[PDB]
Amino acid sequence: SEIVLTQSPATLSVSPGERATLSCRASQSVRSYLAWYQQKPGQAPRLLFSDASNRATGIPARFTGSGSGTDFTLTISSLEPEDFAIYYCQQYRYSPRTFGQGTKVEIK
């Protein structure tokens, strides 16, 4: 039935200043209708990207979204401490709108 979103890896253990590459794969093409959200511990999700690559306001340059079709990625060039959170992708080509299970980026 509904579109399943697979996020990998499930967990990413990393140090500040490093680089993180998160992957989101859709079971079939959602073209470019893919959003990225950040959720910090004890906080609500925060929109990062829409239309897969477009940046929401106030999102730092170190964040970039890319991809199309079934494969999308979120890249953080140099992790700041505030960058440590759970990250979700979400498709809107089709109904129902669905989310990935999330990737947690946490300390080693």
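In case it trips you up, residue 1 is the first one in the sequence shown, and so on.
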query	finding
Of 14 to 22 and 86 to 94, the one with larger mean CA B-factor	14 to 22
Per the PDB entry, maximal CA B factor within 38, 57, 66, 29	57
Chain-relative CA temperature factor third for residue 42	highest
Third of the chain's Cα B-factor distribution that residue 51 belongs to, per the entry	highest
